[PDB]
Every structure is written in C-alpha cells, then in structure tokens.
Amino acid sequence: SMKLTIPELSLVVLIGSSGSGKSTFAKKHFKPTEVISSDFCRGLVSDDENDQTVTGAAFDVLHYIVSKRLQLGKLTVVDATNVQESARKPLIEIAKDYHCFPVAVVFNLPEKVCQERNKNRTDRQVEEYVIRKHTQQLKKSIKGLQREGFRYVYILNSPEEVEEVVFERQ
C-alpha cells in the first residue's frame, strides 16, 4: 500500500487538476461530512454547482465552514483544485489559526489521464484548455508546497499509486 499518515485532527488539502479524481478519492477515503468541496459550495450559494461566477462567494462559505470544523476539532478535507498558491494560502492560514496540521495530497498525474477522464465525465466536462492550465499550475506548485506551510506533503505520481493509498491516522 501507499500509506499516508495524518493526525486525527488535520486539514487535508487535495491538489489536482479538474478530472484528476479528487472527488472520487475523497468519497473513498473520508466521511461525507469531512469533505467540503468547492462545487458543493457553489450549489449552496447559487443552486448551481457549475456556476463559475459565484466562485468568490462559494469559497467564502467553504473557508468559513473549514474554520468552524477546526474550531470544534473536526478533521476536514478540502475538495477543490488548489493548484494556485493563492487558493492554498487562506487554507494554511486557517489551519495555522486553529493550530491544525495542513496536509497536502497532490494528484501529480499526466495531463493525458485527466484529459481522457474529463472526456468521459457525465456531469460537467471542462474545456481541454482548463486541464492544460491546471496541470501546468500543479507542476509549478509541487516544489514550494513544504515552504508554503504544509506539514506533510504527499505526492501521488500515477493512478496505480493513487489507488493503493491508505490513510493511517493517530
């Protein structure tokens, strides 16, 4: 197995292009209420999970929810792309605020995989361009993650590694 160790209380930040398998993975490994997704929050504020114009409002809600969960000592997983340092920054700050370990889980997959998964989605397929951009942003992000403040940085380099993941707590 690919064992990924996390404290019983931590902020797990999933990092991956659209189509890399973040939501599927989060559902496999965590309780439904431990996962806050940006899609879900777009739905909460707008009725429409695919409404790209309510991003700011959705993340405000996501951030505030994360804040409450850490305040109360609840393990939390952020299901969003998180490929831009600017998106990760507030999460680290929140985890810092509540003295919680931020943990990076990176879906470092070949663009080609995300593109073909995207091609076969039945919900919201994105433009190829989006995944080209996300993937390159992800690639430029890996090096600096530890310095950004992530206490553990876990990089998954193939679907075979992702599939063999097991989280050990403590």
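Quick note: we count residues from 1 along the sequence shown, nothing fancier.
- Looking at mean Cα B-factors across 132-140 and 119-127, the upper value is held by 119-127.
- Sorting 39, 111, 34, 47 by the CA temperature factor given in the entry leaves 111 at the top.
- In the deposited entry, the Cα temperature factor of residue 71 sits in the middle third of values across the chain's modelled residues.
- Looking at the C-alpha B-factors along this chain, the one for residue 10 belongs to the highest third.
- Split the chain's modelled residues into thirds by C-alpha temperature factor. Residue 56 is in the highest one.
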